[PDB]
>>> print(open('model_38.pdb').read())   # PDB, C-alpha atoms and all ligand atoms
ATOM      1  CA  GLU A   1      -3.887  21.813  12.316  1.00  0.00           C
ATOM      2  CA  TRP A   2      -6.653  21.828   9.638  1.00  0.00           C
ATOM      3  CA  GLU A   3      -4.293  22.824   6.818  1.00  0.00           C
ATOM      4  CA  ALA A   4      -1.668  20.388   8.103  1.00  0.00           C
ATOM      5  CA  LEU A   5      -4.308  17.584   8.007  1.00  0.00           C
ATOM      6  CA  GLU A   6      -5.196  18.399   4.351  1.00  0.00           C
ATOM      7  CA  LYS A   7      -1.551  18.159   3.340  1.00  0.00           C
ATOM      8  CA  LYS A   8      -1.008  14.889   5.365  1.00  0.00           C
ATOM      9  CA  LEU A   9      -4.033  13.297   3.627  1.00  0.00           C
ATOM     10  CA  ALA A  10      -2.735  14.361   0.139  1.00  0.00           C
ATOM     11  CA  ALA A  11       0.696  12.879   1.011  1.00  0.00           C
ATOM     12  CA  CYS A  12      -0.913   9.588   2.121  1.00  0.00           C
ATOM     13  CA  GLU A  13      -2.948   9.441  -1.122  1.00  0.00           C
ATOM     14  CA  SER A  14       0.282  10.090  -3.149  1.00  0.00           C
ATOM     15  CA  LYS A  15       2.088   7.315  -1.249  1.00  0.00           C
ATOM     16  CA  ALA A  16      -0.768   4.857  -2.011  1.00  0.00           C
ATOM     17  CA  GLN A  17      -0.539   5.637  -5.749  1.00  0.00           C
ATOM     18  CA  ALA A  18       3.270   5.063  -5.655  1.00  0.00           C
ATOM     19  CA  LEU A  19       2.805   1.765  -3.725  1.00  0.00           C
ATOM     20  CA  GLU A  20       0.196   0.504  -6.251  1.00  0.00           C
ATOM     21  CA  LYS A  21       2.742   1.120  -9.074  1.00  0.00           C
ATOM     22  CA  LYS A  22       5.502  -0.636  -7.073  1.00  0.00           C
ATOM     23  CA  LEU A  23       3.167  -3.647  -6.565  1.00  0.00           C
ATOM     24  CA  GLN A  24       2.432  -3.751 -10.345  1.00  0.00           C
ATOM     25  CA  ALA A  25       6.169  -3.695 -11.048  1.00  0.00           C
ATOM     26  CA  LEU A  26       6.821  -6.616  -8.649  1.00  0.00           C
ATOM     27  CA  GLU A  27       3.824  -8.540 -10.101  1.00  0.00           C
ATOM     28  CA  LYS A  28       5.382  -8.190 -13.599  1.00  0.00           C
ATOM     29  CA  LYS A  29       8.670  -9.726 -12.394  1.00  0.00           C
ATOM     30  CA  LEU A  30       6.817 -12.484 -10.476  1.00  0.00           C
ATOM     31  CA  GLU A  31       4.775 -13.375 -13.565  1.00  0.00           C
ATOM     32  CA  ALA A  32       7.928 -13.677 -15.653  1.00  0.00           C
ATOM     33  CA  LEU A  33       9.227 -16.257 -13.149  1.00  0.00           C
ATOM     34  CA  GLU A  34       5.907 -18.093 -12.881  1.00  0.00           C
ATOM     35  CA  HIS A  35       5.624 -18.502 -16.694  1.00  0.00           C
ATOM     36  CA  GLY A  36       9.323 -18.967 -17.520  1.00  0.00           C
TER      37      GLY A  36
ATOM     38  CA  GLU B   1     -15.946  13.461  14.391  1.00  0.00           C
ATOM     39  CA  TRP B   2     -12.925  15.817  14.013  1.00  0.00           C
ATOM     40  CA  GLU B   3     -10.804  13.950  16.569  1.00  0.00           C
ATOM     41  CA  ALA B   4     -11.938  10.615  15.130  1.00  0.00           C
ATOM     42  CA  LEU B   5     -10.815  11.805  11.642  1.00  0.00           C
ATOM     43  CA  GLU B   6      -7.327  12.750  12.970  1.00  0.00           C
ATOM     44  CA  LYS B   7      -6.889   9.298  14.471  1.00  0.00           C
ATOM     45  CA  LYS B   8      -8.220   7.532  11.278  1.00  0.00           C
ATOM     46  CA  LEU B   9      -5.715   9.492   9.136  1.00  0.00           C
ATOM     47  CA  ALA B  10      -2.795   8.576  11.506  1.00  0.00           C
ATOM     48  CA  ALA B  11      -3.867   4.895  11.335  1.00  0.00           C
ATOM     49  CA  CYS B  12      -3.966   5.013   7.510  1.00  0.00           C
ATOM     50  CA  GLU B  13      -0.484   6.609   7.427  1.00  0.00           C
ATOM     51  CA  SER B  14       0.808   3.853   9.814  1.00  0.00           C
ATOM     52  CA  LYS B  15      -0.713   1.148   7.590  1.00  0.00           C
ATOM     53  CA  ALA B  16       1.011   2.644   4.496  1.00  0.00           C
ATOM     54  CA  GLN B  17       4.406   2.559   6.258  1.00  0.00           C
ATOM     55  CA  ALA B  18       3.827  -1.121   7.239  1.00  0.00           C
ATOM     56  CA  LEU B  19       2.755  -1.993   3.647  1.00  0.00           C
ATOM     57  CA  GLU B  20       5.880  -0.312   2.169  1.00  0.00           C
ATOM     58  CA  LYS B  21       8.056  -2.509   4.464  1.00  0.00           C
ATOM     59  CA  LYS B  22       6.064  -5.637   3.488  1.00  0.00           C
ATOM     60  CA  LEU B  23       6.601  -4.777  -0.219  1.00  0.00           C
ATOM     61  CA  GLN B  24      10.381  -4.368   0.394  1.00  0.00           C
ATOM     62  CA  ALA B  25      10.445  -7.761   2.111  1.00  0.00           C
ATOM     63  CA  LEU B  26       8.661  -9.456  -0.831  1.00  0.00           C
ATOM     64  CA  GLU B  27      10.957  -7.646  -3.329  1.00  0.00           C
ATOM     65  CA  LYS B  28      13.999  -9.101  -1.481  1.00  0.00           C
ATOM     66  CA  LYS B  29      12.641 -12.656  -1.845  1.00  0.00           C
ATOM     67  CA  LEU B  30      11.688 -12.046  -5.511  1.00  0.00           C
ATOM     68  CA  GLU B  31      15.184 -10.751  -6.290  1.00  0.00           C
ATOM     69  CA  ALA B  32      16.752 -13.845  -4.754  1.00  0.00           C
ATOM     70  CA  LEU B  33      14.689 -15.974  -7.168  1.00  0.00           C
ATOM     71  CA  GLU B  34      15.362 -13.739 -10.170  1.00  0.00           C
ATOM     72  CA  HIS B  35      19.168 -13.869  -9.637  1.00  0.00           C
ATOM     73  CA  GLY B  36      19.468 -17.456  -8.361  1.00  0.00           C
TER      74      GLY B  36
ATOM     75  CA  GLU C   1     -14.200  20.929   1.717  1.00  0.00           C
ATOM     76  CA  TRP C   2     -14.831  19.178   5.086  1.00  0.00           C
ATOM     77  CA  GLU C   3     -17.230  16.612   3.612  1.00  0.00           C
ATOM     78  CA  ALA C   4     -14.942  16.141   0.610  1.00  0.00           C
ATOM     79  CA  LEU C   5     -12.020  15.436   3.021  1.00  0.00           C
ATOM     80  CA  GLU C   6     -14.065  12.759   4.885  1.00  0.00           C
ATOM     81  CA  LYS C   7     -14.835  10.981   1.628  1.00  0.00           C
ATOM     82  CA  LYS C   8     -11.165  11.256   0.389  1.00  0.00           C
ATOM     83  CA  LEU C   9      -9.929   9.705   3.671  1.00  0.00           C
ATOM     84  CA  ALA C  10     -12.483   6.809   3.399  1.00  0.00           C
ATOM     85  CA  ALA C  11     -11.350   6.206  -0.217  1.00  0.00           C
ATOM     86  CA  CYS C  12      -7.676   6.132   0.855  1.00  0.00           C
ATOM     87  CA  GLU C  13      -8.502   3.658   3.662  1.00  0.00           C
ATOM     88  CA  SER C  14     -10.413   1.454   1.122  1.00  0.00           C
ATOM     89  CA  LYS C  15      -7.443   1.556  -1.273  1.00  0.00           C
ATOM     90  CA  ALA C  16      -5.064   0.460   1.541  1.00  0.00           C
ATOM     91  CA  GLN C  17      -7.288  -2.546   2.349  1.00  0.00           C
ATOM     92  CA  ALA C  18      -7.345  -3.530  -1.376  1.00  0.00           C
ATOM     93  CA  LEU C  19      -3.525  -3.131  -1.621  1.00  0.00           C
ATOM     94  CA  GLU C  20      -2.968  -5.325   1.486  1.00  0.00           C
ATOM     95  CA  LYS C  21      -5.054  -8.095  -0.187  1.00  0.00           C
ATOM     96  CA  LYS C  22      -3.118  -7.678  -3.470  1.00  0.00           C
ATOM     97  CA  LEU C  23       0.180  -8.005  -1.523  1.00  0.00           C
ATOM     98  CA  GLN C  24      -1.107 -11.214   0.174  1.00  0.00           C
ATOM     99  CA  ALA C  25      -2.038 -12.615  -3.236  1.00  0.00           C
ATOM    100  CA  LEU C  26       1.449 -11.887  -4.659  1.00  0.00           C
ATOM    101  CA  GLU C  27       3.094 -13.333  -1.498  1.00  0.00           C
ATOM    102  CA  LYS C  28       1.138 -16.597  -2.057  1.00  0.00           C
ATOM    103  CA  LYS C  29       2.475 -16.899  -5.627  1.00  0.00           C
ATOM    104  CA  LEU C  30       6.027 -15.983  -4.502  1.00  0.00           C
ATOM    105  CA  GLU C  31       5.935 -18.637  -1.771  1.00  0.00           C
ATOM    106  CA  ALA C  32       4.872 -21.282  -4.274  1.00  0.00           C
ATOM    107  CA  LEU C  33       7.988 -20.456  -6.329  1.00  0.00           C
ATOM    108  CA  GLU C  34      10.288 -20.283  -3.305  1.00  0.00           C
ATOM    109  CA  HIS C  35       9.190 -23.748  -2.050  1.00  0.00           C
ATOM    110  CA  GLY C  36       8.688 -25.471  -5.421  1.00  0.00           C
TER     111      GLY C  36
HETATM  112 PB    PB A 101      -4.787   7.932   3.896  1.00  0.00          PB
HETATM  113 ZN    ZN A 102       0.893 -16.240 -13.611  1.00  0.00          ZN
HETATM  114 ZN    ZN A 103      16.472  -8.462 -10.337  1.00  0.00          ZN
HETATM  115 ZN    ZN A 104       9.131 -19.055   1.819  1.00  0.00          ZN
END
>>> encode(input="model_38.pdb", output="structure tokens")
Amino acid sequence: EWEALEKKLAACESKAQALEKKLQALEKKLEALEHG
Amino acid sequence: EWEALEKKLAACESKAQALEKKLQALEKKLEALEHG
Amino acid sequence: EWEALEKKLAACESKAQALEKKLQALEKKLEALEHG
């Protein structure tokens, strides 16, 4: 359980970093529409 | 504390899954505007 | 390690709350375009 929890937390942190980049990518496309 | 930490990690993982789906839903609406 | 894990989990939870607010902010701008 302890080692499984360490790995689950690292996976959740990784997923948050990937979601922040996806949000930046969608913001870029939104801004092109807003200022087009 | 240990059992509280397990539950807090599961809640954070759940929230990440719900945020990924919300991002997909916003991407779908953005793509309809971008290709309309 | 245990105390470092507690702090890493709190940081991940904080990041999720900030990403939810960023998603709401992008949704607001998207909705203005969709209903403009
Ligand atoms: Pb987390
Ligand atoms: Zn703008
Ligand atoms: Zn597109
Ligand atoms: Zn709408």
>>> resolve_selection(input="model_38.pdb", expression="the PyMOL selection byres ((chain C) within 8 of (chain A and not hetatm))", output="ChimeraX atom specification")
/C:5,9,12,15-16,19,23,26,29-30,33
>>> atom_distance(input="model_38.pdb", atom1="CA of residue 25 (chain B)", atom2="CA of residue 28 (chain A)")
16.5 Å
>>> atom_distance(input="model_38.pdb", atom1="atom ZN of ligand ZN 104 (chain A)", atom2="CA of residue 32 (chain C)")
7.8 Å
>>> atom_distance(input="model_38.pdb", atom1="CA of residue 3 (chain A)", atom2="CA of residue 21 (chain A)")
27.8 Å
>>> decode(input="model_38.pdb", residues="region 9-33 of chain C", atoms="N, CA and C atoms", output="mmCIF file, in the first residue's frame")
data_model
loop_
_atom_site.group_PDB
_atom_site.id
_atom_site.type_symbol
_atom_site.label_atom_id
_atom_site.label_comp_id
_atom_site.auth_asym_id
_atom_site.auth_seq_id
_atom_site.Cartn_x
_atom_site.Cartn_y
_atom_site.Cartn_z
ATOM 1 N N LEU C 9 1.098 16.081 -1.886
ATOM 2 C CA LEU C 9 -0.331 15.919 -2.071
ATOM 3 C C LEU C 9 -1.069 17.267 -1.917
ATOM 4 N N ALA C 10 -0.733 18.077 -0.881
ATOM 5 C CA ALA C 10 -1.371 19.393 -0.717
ATOM 6 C C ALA C 10 -1.081 20.286 -1.930
ATOM 7 N N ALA C 11 0.152 20.209 -2.492
ATOM 8 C CA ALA C 11 0.460 21.041 -3.659
ATOM 9 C C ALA C 11 -0.364 20.607 -4.865
ATOM 10 N N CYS C 12 -0.527 19.294 -5.057
ATOM 11 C CA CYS C 12 -1.326 18.759 -6.160
ATOM 12 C C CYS C 12 -2.785 19.169 -6.012
ATOM 13 N N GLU C 13 -3.331 19.102 -4.782
ATOM 14 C CA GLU C 13 -4.706 19.569 -4.549
ATOM 15 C C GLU C 13 -4.851 21.069 -4.889
ATOM 16 N N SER C 14 -3.867 21.894 -4.507
ATOM 17 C CA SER C 14 -3.872 23.340 -4.756
ATOM 18 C C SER C 14 -3.882 23.589 -6.256
ATOM 19 N N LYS C 15 -3.027 22.845 -6.980
ATOM 20 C CA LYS C 15 -2.924 22.977 -8.436
ATOM 21 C C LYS C 15 -4.274 22.612 -9.103
ATOM 22 N N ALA C 16 -4.949 21.585 -8.630
ATOM 23 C CA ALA C 16 -6.257 21.214 -9.179
ATOM 24 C C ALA C 16 -7.290 22.322 -8.976
ATOM 25 N N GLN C 17 -7.281 22.976 -7.807
ATOM 26 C CA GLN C 17 -8.215 24.075 -7.561
ATOM 27 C C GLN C 17 -7.907 25.245 -8.507
ATOM 28 N N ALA C 18 -6.621 25.549 -8.748
ATOM 29 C CA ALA C 18 -6.241 26.636 -9.656
ATOM 30 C C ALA C 18 -6.608 26.287 -11.096
ATOM 31 N N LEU C 19 -6.469 25.002 -11.504
ATOM 32 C CA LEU C 19 -6.830 24.587 -12.860
ATOM 33 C C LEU C 19 -8.353 24.612 -13.086
ATOM 34 N N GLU C 20 -9.148 24.299 -12.056
ATOM 35 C CA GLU C 20 -10.607 24.367 -12.179
ATOM 36 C C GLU C 20 -10.994 25.818 -12.438
ATOM 37 N N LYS C 21 -10.385 26.781 -11.712
ATOM 38 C CA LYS C 21 -10.708 28.207 -11.912
ATOM 39 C C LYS C 21 -10.269 28.659 -13.286
ATOM 40 N N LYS C 22 -9.107 28.177 -13.786
ATOM 41 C CA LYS C 22 -8.651 28.562 -15.128
ATOM 42 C C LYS C 22 -9.635 28.033 -16.173
ATOM 43 N N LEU C 23 -10.147 26.826 -15.988
ATOM 44 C CA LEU C 23 -11.115 26.218 -16.919
ATOM 45 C C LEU C 23 -12.392 27.039 -16.915
ATOM 46 N N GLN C 24 -12.873 27.472 -15.719
ATOM 47 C CA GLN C 24 -14.081 28.327 -15.658
ATOM 48 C C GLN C 24 -13.865 29.634 -16.416
ATOM 49 N N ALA C 25 -12.657 30.221 -16.282
ATOM 50 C CA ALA C 25 -12.370 31.465 -16.956
ATOM 51 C C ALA C 25 -12.374 31.296 -18.486
ATOM 52 N N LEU C 26 -11.835 30.191 -18.986
ATOM 53 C CA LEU C 26 -11.827 29.921 -20.425
ATOM 54 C C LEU C 26 -13.248 29.610 -20.922
ATOM 55 N N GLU C 27 -14.041 28.898 -20.102
ATOM 56 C CA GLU C 27 -15.438 28.600 -20.456
ATOM 57 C C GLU C 27 -16.225 29.933 -20.628
ATOM 58 N N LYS C 28 -15.996 30.909 -19.729
ATOM 59 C CA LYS C 28 -16.681 32.185 -19.825
ATOM 60 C C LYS C 28 -16.383 32.868 -21.160
ATOM 61 N N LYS C 29 -15.087 32.895 -21.564
ATOM 62 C CA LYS C 29 -14.738 33.493 -22.848
ATOM 63 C C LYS C 29 -15.314 32.715 -24.053
ATOM 64 N N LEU C 30 -15.321 31.374 -23.963
ATOM 65 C CA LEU C 30 -15.873 30.533 -25.009
ATOM 66 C C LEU C 30 -17.359 30.810 -25.171
ATOM 67 N N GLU C 31 -18.067 30.897 -24.024
ATOM 68 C CA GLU C 31 -19.516 31.147 -24.084
ATOM 69 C C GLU C 31 -19.837 32.510 -24.667
ATOM 70 N N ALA C 32 -18.983 33.508 -24.439
ATOM 71 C CA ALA C 32 -19.228 34.800 -25.067
ATOM 72 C C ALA C 32 -19.119 34.695 -26.583
ATOM 73 N N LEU C 33 -18.160 33.893 -27.082
ATOM 74 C CA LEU C 33 -18.078 33.678 -28.536
ATOM 75 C C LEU C 33 -19.221 32.855 -29.115
#
